[PDB]
Each structure stands twice: as structure tokens, then as C-alpha cells.
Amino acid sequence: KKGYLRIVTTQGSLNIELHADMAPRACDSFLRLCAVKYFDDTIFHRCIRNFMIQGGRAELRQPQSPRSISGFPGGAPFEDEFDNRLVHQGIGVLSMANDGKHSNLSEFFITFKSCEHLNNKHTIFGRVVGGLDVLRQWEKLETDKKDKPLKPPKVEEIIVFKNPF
């Protein structure tokens, strides 16, 4: 059972498949947050060429919730979900940012290339199935000293085409 969604940004759109079959809690949380428009106006605030771009931080929203929460009632962090068939290989892997074991809230990254040292440290919960060339343009974005793009792509909306929960 998979979820399907489009992230529409000020600098391109991404078509995404969610692995609700292998990472149900992370997909559910994400879709519950999509439901209440949580990601609208958030940016992609960290971008490293040949690695990944990172988004989903409530605290950096350029505007409802001011701090980062999960999609579940209460907003508490949720546990990691790993699967051997899901590895940080190649462009367009959708995965969870964290600060150690079981600290998943709302921040995520999309890979520009393999980074398999992250396997079994980060919940991979999807992949970009369309818009790989938007991603390739993001990879070229000029960034400051802290790796924030000078012009961060900002989420206009997320269109959910299928939520299996």
C-alpha cells in the first residue's frame, strides 16, 4: 500500500511515492500533517551539493504550529522504521531527519546521491517518482556558510492524490 503526493514549491514540483507498506508510521504522520497544511510556507533550509536537500522545519516557516511536531495527536516523536529493501541509494530518496534514535517529527530530506552511511539511522519513507530535474536544479543552488540556499525553495502546497490510511 503506497501513498502518492505532489509537493508544489516556488521553484518546481516533486511527485512522490510514500512507502506506507514499509514505513507506515512515518507516512501516516506526514499525511496527517499534509491534511492540516502544516508544510505550507516551510522552506528547504539546508542544501548540500552531492548529498541532499533538507526541509520540513516548522520553526523556519515563512508564513499553524510554530514548533516541529509529528502528525499524531499530541505531536510526540515516533520510532524509527528501517527495512533492508530501503537504502539511501541514488537520487530522490525521501528520508527522515532526526537527532538520534526515535526522534522523528516533521523534518525530512531528499537525496541528490547515495549516502548509505545513513542506512538504519534514518527512516526512509518515500521516493521522488517525478521531478528529478527540479531536484538537479536545487542541487545547484547557491548557499550561505550554514548551507542555507540564498533563495530557498518554499512549499506552496502539497497535493495528496492517495492516502492509504
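Heads up: residue numbers just count along the shown sequence, starting at 1.
Coordinates are absent for 4 to 9 residues of the deposited sequence placed between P63 and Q64. The question of which stretch, 117-125 or 135-143, has the higher mean Cα B factor is settled in favour of 135-143. When the modelled residues of the chain are ordered by their C-alpha B factor, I16 lands in the middle third. Among the modelled residues of its chain, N98 has a C-alpha B-factor that falls in the lowest third according to the deposited record. Among the modelled residues of its chain, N104 has a C-alpha B-factor that falls in the lowest third, as given in the PDB entry. Among the modelled residues of its chain, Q54 has a C-alpha B-factor that falls in the lowest third, as given in the PDB entry. In this PDB entry, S68 carries a Cα temperature factor that places it within the highest third of its chain's modelled residues.
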